[PDB]
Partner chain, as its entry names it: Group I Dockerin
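A single chain comes next, written as structure tokens; it is the form solved without its partner chain.
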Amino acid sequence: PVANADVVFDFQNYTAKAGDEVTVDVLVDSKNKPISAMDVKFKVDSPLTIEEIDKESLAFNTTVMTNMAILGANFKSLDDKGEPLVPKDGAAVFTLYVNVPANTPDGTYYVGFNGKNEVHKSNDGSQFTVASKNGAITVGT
């Protein structure tokens, strides 16, 4: 089935052996609509962990503020005249570095949002609706 939203994130799908790192490149489709800010939290299924959140958003060429205690990230995405940016088609909006422990069983482990995925339209609190797809990390095939 399908969920429609104004903005859809694509976590993509990955493979790993136990002991690997997995670089998760989160893509975004806003139907070419501009975005003023994001404020999000991430998770991955145990026993995998998110070991680092990249401090750059390539889709917006902007610095990402990060917090590893809560696995949170946020940024503003304005041009030099203070207007919202259209994300760059093809470019990662977030990059996550995931650890797959040496003893991870074969299986499918998902990466995604942890209950916060705010995508702002302007400076007044208004938000786009958001949905997510993919995010499977398949360990051991």
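Residue numbers count along the first chain shown, from 1.
The same protein has a further form, the form deposited with its partner chain bound, not shown here; the description that follows concerns it.
With the partner left out here, its partner chain still marks one of 43-51, 112-120, 26-34, 91-99 in the entry with it bound; by a 4.5 Å heavy atom cut-off that stretch is 112-120. No member of the trio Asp10, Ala59 and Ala136 reaches its partner chain in the entry with it bound with any non-hydrogen atom inside 4.5 Å. At the 4.5 Å threshold, heavy atoms of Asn67 reach its partner chain in the entry with it bound. None of the heavy atoms of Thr108 is located within 4.5 Å of its partner chain in the entry with it bound. Counting a residue when any of its non-hydrogen atoms is within 4.5 Å of its partner chain in the entry with it bound, the hits in 52-76 run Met65, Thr66, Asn67, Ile70, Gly72, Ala73, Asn74, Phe75, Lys76.
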